[PDB]
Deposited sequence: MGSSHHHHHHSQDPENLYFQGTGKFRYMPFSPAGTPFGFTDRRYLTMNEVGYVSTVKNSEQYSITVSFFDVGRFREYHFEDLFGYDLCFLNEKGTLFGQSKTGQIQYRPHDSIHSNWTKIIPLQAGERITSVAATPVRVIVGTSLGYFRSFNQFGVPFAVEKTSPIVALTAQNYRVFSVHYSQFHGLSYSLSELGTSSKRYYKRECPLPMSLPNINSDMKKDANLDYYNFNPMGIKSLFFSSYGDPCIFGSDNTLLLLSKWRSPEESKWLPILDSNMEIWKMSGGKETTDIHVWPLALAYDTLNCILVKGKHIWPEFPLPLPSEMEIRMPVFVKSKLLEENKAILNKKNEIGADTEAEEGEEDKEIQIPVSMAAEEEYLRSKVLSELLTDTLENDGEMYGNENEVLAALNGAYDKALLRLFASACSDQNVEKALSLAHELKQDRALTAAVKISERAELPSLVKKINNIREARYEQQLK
């Protein structure tokens, strides 16, 4: 098996002399064949903060990672890396990674405080932002890396397990594993886009931490997978939180397309930052379109049922189910973040509060429909899933309006049962 150099949201050359090395919420990095050398351009989406620049690449960098403080470059064969801070205040530094016979650098990553290099033999080399090495580690062969602050999300490959992943923190003292080589349930690729899968065999279009710090991955099935409960080894689960194919289908008024594709940049709370690629190839081209936003949606919608109820219009009762699930997942994730790491941007507490509000509201709609169909048992089960005591009260009012006195008493018991815990 041939290990190919990986970078988040990178594109292949195809029939041209240019491609994107990497791509995310910060900006994009492209390279152009310049006779026997290369022209590298580093652009930004926030033109106010950073200034787009370019330079000549005499090494042939095929690896890249972009963050808000700098850009990391890598050469898969010679093992030469370079870190270039965005501000001219700090100096560039260059390093050559030692490589054994046949060993290639497969992925690099950088945060404002950490620089990471992974190889095909499973060598894991870390540095600080200045190039001071911390420790060399031997793991399973690495195929993909991403990082955020002090945390590292790595993808590994063996001929035994297939794809696995590790989740670690590079603290001041030592490297600690949250998760060590656990199964990575990403669908592998099973053609017009063959050039891409020669360039990216695993089909990992991109991978990243969300803004709130949860690992995400986006494969050839165009489904955003998010790792939930990663702080509890026995509770960790991968969640499909967006079928971009289904969202495109809904945008097109329920019509099948072959010329609209999604290229993942980042996940911010509930919104997937991406490029909407229109054309024959599934990867973005030149010039790069403006980034689009795609709200995440739990994959619980059926195409046949969506057509019957008719951009595709969703019936309130059907949308309430998805919103309930979507709120449930997001609420659980964000709460875990706040209960362990605290705030990062300054609006998490407000987001969580609004989130729980939307949760109960969507749940009450499902409750009402259950009451509408005289389904007391299903309604009572829904009421148990309510969060706010004020929502239980609202449920009582709905039960009264539905003229279901038996339901009212049972919900009032729930209220009293919760009030009971309040007296302890």
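Novice: Identify which parts of the deposited sequence carry no C-alpha coordinates, going from the N-terminal end onward.
Specialist: Unobserved in coordinates, per deposited numbering: 1-24, 215-221, 342-364.
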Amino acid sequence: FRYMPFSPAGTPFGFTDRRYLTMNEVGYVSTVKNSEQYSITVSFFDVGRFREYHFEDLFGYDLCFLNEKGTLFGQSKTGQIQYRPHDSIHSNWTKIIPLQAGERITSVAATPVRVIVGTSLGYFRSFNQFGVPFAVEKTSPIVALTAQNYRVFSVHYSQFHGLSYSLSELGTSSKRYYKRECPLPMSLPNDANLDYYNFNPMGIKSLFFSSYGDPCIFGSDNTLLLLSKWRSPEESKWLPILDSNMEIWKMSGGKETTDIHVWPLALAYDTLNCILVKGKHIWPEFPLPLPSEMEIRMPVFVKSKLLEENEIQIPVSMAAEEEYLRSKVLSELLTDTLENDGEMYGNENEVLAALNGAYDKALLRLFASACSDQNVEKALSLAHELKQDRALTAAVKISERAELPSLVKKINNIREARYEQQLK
From here on, numbers count along this sequence of modelled residues.
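In this text, rigid core is short for the largest set of C-alphas that superpose within 1.5 Å between two forms.
Novice: Rigid core fitted first, then name the stretch among 231-239 and 280-288 whose C-alphas deviate most from the displayed form in 5 other deposited structures of this protein.
Specialist: Higher average C-alpha offset in 5 other deposited structures of this protein goes to 231-239.
Novice: Quick one: higher average CA temperature factor, 172-180 or 141-149?
Specialist: Here the higher of the two C-alpha B-factor means belongs to 172-180.
Novice: According to the deposited model, is the average Cα temperature factor higher in 192-200 or in 350-358?
Specialist: Taking the mean B-factor of the alpha carbons in each, 192-200 is higher.
Novice: From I314, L163, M246, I105, pick the one with the largest CA B-factor in the entry?
Specialist: Comparing C-alpha B-factors across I314, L163, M246, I105, the top value belongs to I314.
Novice: Check the PDB entry and point out which of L363, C371, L380, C64 has the largest C-alpha temperature factor.
Specialist: Reading the PDB entry, the winner on C-alpha B-factor is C371.
Novice: Determine, from the deposited record, the chain-internal third of the Cα B-factor for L307: lowest, middle or highest.
Specialist: As the PDB entry reports it, the C-alpha B-factor of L307 lands in the highest third of its chain.
Novice: Going by what the PDB entry lists, where does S228 fall on CA B-factor within its chain: lowest, middle or highest third?
Specialist: Its C-alpha B-factor belongs to the lowest third of this chain's values.
Novice: Comparing against every modelled residue in the chain, figure out the third that the C-alpha B-factor of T11 lands in (lowest, middle or highest).
Specialist: Within its chain, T11 is a lowest-third residue by C-alpha B-factor, going by the deposited values.
Novice: In terms of the CA temperature factor given in the entry, to which third of its chain does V26 belong: lowest, middle or highest?
Specialist: Lowest third - that is where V26 ends up once the chain's C-alpha B-factors are sorted.
Novice: Where does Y212 sit by CA temperature factor within its chain: lowest, middle or highest third?
Specialist: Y212: CA B-factor falls in the lowest third of its chain.
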